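Here's a solo chain for you in structure tokens, the form deposited in one PDB entry.
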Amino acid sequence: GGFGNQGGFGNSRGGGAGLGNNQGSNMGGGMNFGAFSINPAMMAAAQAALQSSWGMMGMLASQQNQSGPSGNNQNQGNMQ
């Protein structure tokens, strides 16, 4: 058998809706997703840190260090 393989999606008259087959990956931190819809309305706001991993080896090493956001200012306006 293989190593680390991923089959396809939505074929041969595909259908349905979702999130599938993620390895070591990040989805979010301020994001909107709309499809096949009528009059959608969405709002997102995030202050965040994300860290992820798949298959990691190490010897006398240091791997993945993250220091988050600090000391920022932000302003977004209105939408009529």
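The numbering used is simple: start at 1 and walk along the sequence shown. In this text, rigid core is short for the largest set of C-alphas that superpose within 1.5 Å between two forms. Residues that one form lacks are left out of the comparison.
What comes next is about the form deposited in another entry, which is not displayed.
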After the core is superposed, which of these residues, 58, 18, 24, 69, moves its CA 2 Å or more between this form and the one not shown? 58
What direction does the residue 58-residue 25 Cα distance move in the other entry compared with the shown chain, closer or farther, given a change of 3 Å or more? closer
Which way does the C-alpha gap of residue 7 and residue 51 go in the other entry, closer or farther, given it changes by 3 angstroms or more? farther
In sequence order, what are the runs of three or more consecutive residues whose Cα atoms each shift by at least 2 Å between this form and the one not shown, relative to the rigid core? 1-15, 56-62
